[PDB]
């Protein structure tokens, strides 16, 4: 099933082809495998096992990217300056640094221990048509972060991932991309692993 972007005036060419990708790529076995993968990943992050996540779930070649897109007019084509800022755009070393900041006993923000709860839904998956070891994964996330008695922040995101099968049976993240839907988050910060 395909989208006609001449008639469907709100749909980007990018989103239309992604939709088609995931439509034709449906596989029942893959759906259950990837659902399990993302549930394990989310559990690991919720209990703040960041080193285990980085070592076991994230590939050396990782690009971990979360953008905030400047709001532009749908009819203003002429202005061509970069429309996206990278809230995250991290390689493995950069994730390592963030992880080591997280568990340092002198990270004042982490005391008392913060509470995370992740809700992963709408999982879809498709094997890459060229590189069959690559799995394209889409999933939606609600992330609840609570701390300091009465601070509550709720994040909402669609994660567009590429995962890679590893020798031995593991699966590791090689790219995560999030186009964060709120231009100005009202959450104090976005210092969470989406």
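Residue numbers count along the first chain shown, from 1.
- Higher average CA B factor: 13-21, of the stretches 13-21 and 170-178.
- Relative to its counterpart among 154-162 and 127-135, 127-135 has the higher mean temperature factor, C-alpha atoms as listed in the PDB entry.
- The entry lists C-alpha B-factors for 117, 86, 75, 94, and the highest of these is at 75.
- Sorting the modelled residues of the chain by their CA temperature factor places residue 27 in the highest third.
- The deposited CA B-factor of residue 107 belongs to the highest third of values across its chain.
- When all modelled residues of the chain are sorted by CA temperature factor, residue 41 is found within the lowest third.
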